[PDB]
Amino acid sequence: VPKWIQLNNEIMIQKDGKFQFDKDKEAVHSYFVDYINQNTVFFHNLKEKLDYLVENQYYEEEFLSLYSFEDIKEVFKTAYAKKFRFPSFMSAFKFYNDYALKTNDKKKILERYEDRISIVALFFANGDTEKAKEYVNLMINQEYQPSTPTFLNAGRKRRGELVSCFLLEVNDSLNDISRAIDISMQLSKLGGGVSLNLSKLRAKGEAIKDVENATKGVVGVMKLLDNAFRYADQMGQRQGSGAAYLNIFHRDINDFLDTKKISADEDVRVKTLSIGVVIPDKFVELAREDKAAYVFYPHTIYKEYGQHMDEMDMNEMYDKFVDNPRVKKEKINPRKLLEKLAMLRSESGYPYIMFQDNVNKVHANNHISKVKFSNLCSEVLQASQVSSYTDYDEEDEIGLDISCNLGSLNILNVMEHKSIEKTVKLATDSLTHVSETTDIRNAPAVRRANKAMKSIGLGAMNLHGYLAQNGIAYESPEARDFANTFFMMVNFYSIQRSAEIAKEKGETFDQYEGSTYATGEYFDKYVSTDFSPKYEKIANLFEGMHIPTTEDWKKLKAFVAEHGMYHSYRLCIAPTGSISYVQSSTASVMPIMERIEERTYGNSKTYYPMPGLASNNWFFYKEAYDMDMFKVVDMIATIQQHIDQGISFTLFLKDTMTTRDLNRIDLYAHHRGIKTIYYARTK
Amino acid sequence: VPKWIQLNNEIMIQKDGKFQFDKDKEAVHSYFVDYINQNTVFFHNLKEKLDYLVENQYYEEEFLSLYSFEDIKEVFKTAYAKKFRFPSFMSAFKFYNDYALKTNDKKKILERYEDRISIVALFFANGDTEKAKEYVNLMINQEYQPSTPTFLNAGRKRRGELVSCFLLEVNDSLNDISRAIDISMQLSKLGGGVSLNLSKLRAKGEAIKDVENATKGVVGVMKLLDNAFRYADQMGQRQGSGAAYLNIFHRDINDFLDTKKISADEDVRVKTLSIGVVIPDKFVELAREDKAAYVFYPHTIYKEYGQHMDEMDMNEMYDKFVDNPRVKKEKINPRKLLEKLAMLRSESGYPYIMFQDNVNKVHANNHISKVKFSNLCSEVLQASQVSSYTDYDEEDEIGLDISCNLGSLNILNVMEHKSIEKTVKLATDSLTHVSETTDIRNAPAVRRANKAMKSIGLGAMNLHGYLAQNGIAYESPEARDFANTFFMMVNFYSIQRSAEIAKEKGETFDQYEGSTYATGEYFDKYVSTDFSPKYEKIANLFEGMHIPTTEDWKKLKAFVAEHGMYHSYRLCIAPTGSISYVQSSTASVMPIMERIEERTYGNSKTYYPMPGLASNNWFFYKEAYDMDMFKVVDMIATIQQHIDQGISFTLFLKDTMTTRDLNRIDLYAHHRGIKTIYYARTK
Amino acid sequence: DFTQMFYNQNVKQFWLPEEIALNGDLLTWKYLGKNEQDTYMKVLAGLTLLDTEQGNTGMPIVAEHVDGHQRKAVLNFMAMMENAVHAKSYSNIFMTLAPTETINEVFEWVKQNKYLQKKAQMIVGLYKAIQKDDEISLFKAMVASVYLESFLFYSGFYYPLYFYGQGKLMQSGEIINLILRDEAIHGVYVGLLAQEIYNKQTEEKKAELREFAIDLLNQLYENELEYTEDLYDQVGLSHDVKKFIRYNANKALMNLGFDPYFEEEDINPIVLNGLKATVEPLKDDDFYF
Amino acid sequence: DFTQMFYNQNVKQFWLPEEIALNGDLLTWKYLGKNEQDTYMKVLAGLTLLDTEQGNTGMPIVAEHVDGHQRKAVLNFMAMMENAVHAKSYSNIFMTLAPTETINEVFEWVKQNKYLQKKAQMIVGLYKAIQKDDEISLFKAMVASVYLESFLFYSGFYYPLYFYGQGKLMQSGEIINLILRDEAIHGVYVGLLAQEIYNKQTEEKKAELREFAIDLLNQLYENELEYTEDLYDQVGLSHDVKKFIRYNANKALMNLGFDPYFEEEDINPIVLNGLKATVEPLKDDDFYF
Ligand SMILES: Nc1ncnc2c1ncn2[C@@H]1O[C@H](COP(=O)(O)OP(=O)(O)OP(=O)(O)O)[C@@H](O)[C@H]1O
Ligand SMILES: Nc1ncnc2c1ncn2[C@@H]1O[C@H](COP(=O)(O)OP(=O)(O)OP(=O)(O)O)[C@@H](O)[C@H]1O
Ligand SMILES: Cc1cn([C@H]2C[C@H](O)[C@@H](COP(=O)(O)OP(=O)(O)OP(=O)(O)O)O2)c(=O)[nH]c1=O
Ligand SMILES: [Mg+2]
Ligand SMILES: [Mg+2]
Ligand SMILES: [Mn+2]
Ligand SMILES: [Mn+2]
Ligand SMILES: [Mn+2]
Ligand SMILES: [Mn+2]
């Protein structure tokens, strides 16, 4: 066993009844003085390194050609001047195993952390040396972390796409289904997770040109997509991951759910395609009143009204659907469907739950389209227009397929540096650059939506780490007050940066004029309610930083009205799974699953303590499963009120609790304004 | 139990030690006195019937509008003047259960046999009343039978395409694979059987964008195609049928074959995807000499030579591939592979066997392309060019995808009417009309090849029926003499009609000038070898009909040289599954499987004796399983020497014979010039 | 001269209770009086106990002491039938016809029933007294086994057969007939093995073995009479069943090569009415024609 | 928690030798070299001899000491398969491929063979050491049984599977595959019975039983390596057979609820080719907060 492995395992060997957390630090030293420094490839100077990486097809030469070598040297020197040290063994291990650039045979390390950060910063700046240094300082301080696709692939010749998630709308036609399968394979080839809205597809037993009971429903398309994602599995490196979203009022909703039952037959079971359910407020109202609900056949509704079932408001059209004899429907028990959802989530963690009305009551771009589904991580909530892929030799009507670039603020590092504004603006600029340089030649709706919406996702990580390292319980009202203030600041500065980009470029996102940003409605709660901290401890935490007031929000509203906004969507809180290790941060705004996690790598086992875990903050690092899910819902709703897109909200459940407890948590989330629920992980 | 079913089951009841075959005739009468006439919709006049069928979206207005009502009435009167009577119960049952037009509620019969024949004739003639009457006389004499798609769908508004055999070339790309899946779905939606060539696809463990061990091979593509064919199942009417062809020198050939093993796992086995193997002469030579063979990685060959492995002659390329270090290959035992093929055919009848050099040594259009694969029934053998389907908003390079037009001569009815020439020419004209009226807007290469090649397949059936009713054993040399003469006359008149159509329209098929028809090579064996019958009995059978001599063939060769040939391909012998029942004929040129076949429809049993079966010809109606497969191979080769495309050749084996016997039959078929082997049906 | 034909007969008779659907008996069962249902449950429970011990103990122990792999294979197969097929079939019948509480009660009833405990004590005692390489102790256990197979089961078999013969409980009856068909061949086979051992003895020893067999039969018989009265008096059939068990006692004696002991009697006629392809390699001559 | 499920799986896997016609194997047998025929014969005799011990002693002795009627029935069924089905199947394969004199000589050789005897007697020794009412000695015998079913057979199974995966000796290979499928479930079942005993022990006693199991595995494994070279060097397969032994040793350990001992290895592809939360209804007022 390696020396650093033994040093890391020495953490759990208690001394005087206490964990040896400091041993972890020793491990990193070993991991660098025995493995990383020996396995790294050193050159005489930076010129030889850059030339070797360029000619050997490791780096794209275009982004490096925008800078003179003196500027690149200055950027690299700025990166190395911080003398960044990984405080935990797992941070360095995760970076050098998942994100550091290696040779073709993967026998040596070509990229250090500073090298990777410098390359990403130079790609972000697009020829601006000062901007590149700003990005270097932002990432080496670990205030901002680009998503895994962006951080791993920026400036690389053998790179994939920098966009993490893609959302596709599938129209009710064989041509559209085949095009959706093709685009899903193309985007999984690019490495991104693909989500498909199957609510427009007509249910099982519908007519294909006057011959009835002919359609296979959404389950056949689900099987096709599952095989497509199995085939396109990132060249066999990462399993192809897809998501299917169906409205709960679709007739196939049961069969949909039956794809995830552990007793499902092979002709129905789907195993590589995640499932999500979109629940309008009408379904929750029907379940609450115990009135029997009706699921609908989409094609009959489309024939009668000319629009898809998910294209209009069910809260106002459900009674018209039920009373219409030309609309076909089936009777269901909404409470039984809710119990089935809870049982499925207990068994397998599926489906994702999207509260459609919670998303669309604060959605700023309802004029473009209502949000009808979410992404594979159930945090992207954007307007999408379905595409009409016609026959060959016929022009296709290209719609809008959602796609946003992810980037997370490290809350602990951002607040320690007292740089919410600067970090938010620089992250917005980096995400705007990632969107601008993204061009996908096989997904036309994705390309058009990227060019028009200009949507980005700016997330946050290390919420629980910051709260526990500052002596604040994650479930406490003080923690929710901190989240309210911090994310109001993040939203304020993201809107300010979006408006500044719109002013400097003279262009807004497409159809911005009909948005609530243009009409000023979006700023209502910000121009009437003060989001400054209500607790003295939180206010002290925010000292040295100008917390925006109602007057600052009014000025920002006027600025947006004058100049517009460059981005249709700005903030989305992704799960941030593996890149949180490198940043020494807790995953996303979720509470920690465990204080010390035991992970098996190779034939060895390693223990990763939570960042900053110690004796004095052991009980502030409360495990998520031990927490009240209602207070976690309260925290997520408090954050969500300042996030325009959704938050990947994983439910952390105990084995003792029943499906009724899961249903109660889901209904409280819906009541509190939670937009989406990601996972039901049971301990 | 209905009266006609009792009268049909009375056949097996033996009187005086003989089957009551004549009772079947009585059954037909009952089937018409009790059921057909009662459930047949009658109109006051044909005008009312045509108006009702057109208005209720049963027929098409376009083809009926080309004639005055007097001409349509005259065509219907010509059809009804024959007073055609089905000689067996199963003929009428199959027609009125499969082909007769029924109401939307499927309880009444709108079309009789004469009505359907008249409608198909009017569709064929395209406005010529005399030509329509000629077609009516052809089909009511049952000399020619349009295929199930053409016969069932001609003149019907609610219909699939008139072509059901489609051959697709799949290029080695994700875009091409997705396009192939889409086209397969679209053609299965039209009701056609789709065959895909997977030899150009790179094997498992190949590089994608210079990353190693990334390709899933052809088995993942087969899984995708199997899912696509399961999804597209004719609006839930018939099981989606598809075929995949792989060259035996493709490295995936074992895994390909492993998709049909019973022991194969769920992630390996494809259930609704037929498989065929293309066997070049090089593989047979390697197996014969017991030299170990090599299966090659197609992408390495493409990188080294710039052409696909299946696009070049393996006979001259195999040694260069083996000696090339940059071509990756795996060692195999060709005799072990042959034994595996025989074992798989014994277990499941798969794969289909295509002898590439047997096809291509007589292929007339090798300049366009060599025949690389066959159809789902393993009888279509045509030149195909792969298409380069690029990314979106980029122009695709459309190639040639095979789609031939099926139609079968009834050898008994044709020869008893002494009308080989007239029937062949009229069938060629009808096939040309159906090929010209076919327009598929979702298969670009299929449409392009249909427009360019103008390839049709004119088959024959009732060969064994005709031979048995004339006191000739199917395995006798006299039967092969008759087949030689009859199919040489069929080829002569098909070529003459093709040249006449080319002269009339002033156009040949695309790239005809490079064909062996243009150079006169095709006629070589016809201008030197006399194909007149060598037996007096066969000559007396051909009495009253002019048998083309060598001088006639020289005149035809000169005529083709002067005027060209309209069809790239003219003759292919399809299995003729259900139309053989309606025509009261034995299926294809195959020998009969059973003298009397027992079938179960609903909860009732039915008995179909072979047409013309009696005590006198009971011995001549020898069952296929009791026959020597070498003599069946000899007869099929005798026919194949006059057929430009292949013949659906099913092997009929006993359970006693082993895989050595199957391999011997396959090798004798290869030796005798058999182009394709369809199935290995074990009794 | 016989094991191979018994092997073939035993394996060709293989069956599972699940082959017989039992829901068809639901109505004729519902229609029986409480007395009739009680006797029926108890009768089958007594049979279950006998097969439990024949499968767990009797057949395996005899298999252990009998020489020859083929003889052992037959005895092992018979043992499997006893506990994996026969004993289990009764639970299939119980689970179809009776509620769980009635099932629980009848199994409690077997534990406390003095005649059923006595007969188990006697039979199992003899099985467990077998001494390695001691043919006399083995003979005694084989006599006990024949008496279980060909005599003791029959106080139980009477009632399902009695119903089957009247067209009642015919699915359960079909199971019982299959069990009976098996026991008949089991009794013959074990009888032949017992005769082998008996035939090795002196005339004096034979005389003692006949005494053992007859004394044991009488002791079991007297107990079976009391058991029969206890079960059948409430359904009015005790005298009829007694005639049946005497009939079968004679068959058991005959299976042992002994003369019948009880006089012949008329049995209820109702009960009488109740009775890949082959692969060759390719030669170089198969490539030339 | 498991006996009825295993009962079902066992009885539904029932088969008989007569179902597979063996004569067509002579069409590939005649084409094997002397070393191939010799190895096959020796392997076959090895399997036959070990399986006889399991039928005559291993399964019946475990059935005798295990408590529970349903477990005894399943164990009886498994013993039946060894003696009535497997033993006849091995005999049938032999009689098809070799003349009587050759069979007698191969069995004489394998009976004297040092490596076959070492493992056969080690296993039999543990079966003979079981003491009445001593669950520790029963556990040790169960470990031995699992090692035979799930590990020791596989140095032998390798060769028929190797031919079967190549299209050679397909009829006997089909038979061997059915036998192997039975031994797999036997090993899993006996493994669960051993874990039941293991879980009733103290922590010190558990550690002691683990040491016993690993020590026994080591002794058997080192002898398997020698057995393997002795049989397979002449046909050049020993390296790959050794990988197959370790892979199956790991399965045997997992059957006993223990961690794998050997690192994961890939197996010869030819041989491979041969081979709820509590539902609680919503009570209303759960929709209001
Ligand atoms: N935790 C760590 N994170 C990142 N790099 C590290 C870490 N520990 C060691 N290294 C690398 O290994 C080298 C070993 O040097 P070390 O940290 O022991 O101190 P040093 O030799 O006094 O110099 P310096 O600390 O100034 O780099 C470091 O210079 C650095 O490049
Ligand atoms: N074998 C048959 N094949 C086809 N149609 C038949 C057959 N038998 C009877 N029919 C139908 O039933 C009708 C009655 O025929 P039938 O044998 O009674 O005498 P017919 O002289 O042909 O009668 P019609 O006056 O109808 O022409 C036929 O006209 C035809 O429509
Ligand atoms: C062709 C086909 C369609 N479908 C379903 C899936 C599609 O969502 C739906 C629409 O198919 P379409 O491609 O729209 O078929 P169509 O346009 O010819 O019929 P229509 O005019 O009624 O639109 O039909 C199947 O389930 N199986 C099939 O094989
Ligand atoms: Mg449509
Ligand atoms: Mg390519
Ligand atoms: Mn019994
Ligand atoms: Mn018995
Ligand atoms: Mn065995
Ligand atoms: Mn076993």
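Numbers here mean position along the shown chain, with the first residue as 1.
Header lists the method as electron microscopy, 4.0 Å.
Just so you know, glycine gets a Cβ as well, placed from its N, Cα and C.
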Of D:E53, D:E149, D:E222, D:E224, residue recorded by Swiss-Prot at the Fe cation 2 site of D:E82, D:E183, D:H186: D:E149
From D:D51, D:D67, the one annotated by Swiss-Prot with D:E82, D:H86 for Fe cation 1: D:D51
From D:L275 to D:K276, where 18 residues lack coordinates, the CA-CA distance in Å: 34
Same-chain residues at least 6 apart in sequence whose Cβ lies under 8 Å from D:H86 (Fe cation 1 binding site): D:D51, D:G55, D:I179, D:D182
Neighbour-count leader, CB within 10 A, recorded positions: D:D51, D:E82, D:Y90, D:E149, D:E183: D:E149
Remaining residues near the recorded Fe cation 2 site, that is with C-beta within 8 Å of the centroid of the site residues D:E82, D:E149, D:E183, D:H186: D:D51, D:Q54, D:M59, D:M78, D:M81, D:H86, D:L148, D:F153, D:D182, D:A184, D:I185, D:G187
Where D:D51 (Fe cation 1 binding site) falls in three-state DSSP terms: helix
Euclidean distance between Cα atoms of D:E82 (Fe cation 1 binding site) and D:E183 (Fe cation 2 binding site), Å: 9
Other residues, Cβ within 8 Å of D:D51, D:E82, D:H86 Cβ centroid (Fe cation 1 site): D:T52, D:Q54, D:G55, D:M81, D:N83, D:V85, D:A87, D:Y90, D:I179, D:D182
Cα separation, D:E149 (Fe cation 2 binding site) to D:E82 (Fe cation 1 binding site) (Å, whole number): 11
D:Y90 (active site) and D:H186 (Fe cation 2 binding site), Cα-Cα, nearest whole angstrom: 18
Residue pair D:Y90 (active site), D:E149 (Fe cation 2 binding site) - Cα distance, angstrom, rounded: 16
Recorded positions whose CB lies under 6 angstroms from ligand 8, from D:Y90, D:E149, D:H186: none
Other CB atoms within 10 A, centred on D:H186 (Fe cation 2 binding site): 28
Recorded positions near ligand 9 among D:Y90, D:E149, D:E183, D:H186 (Cβ under 6 Å): D:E149, D:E183, D:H186
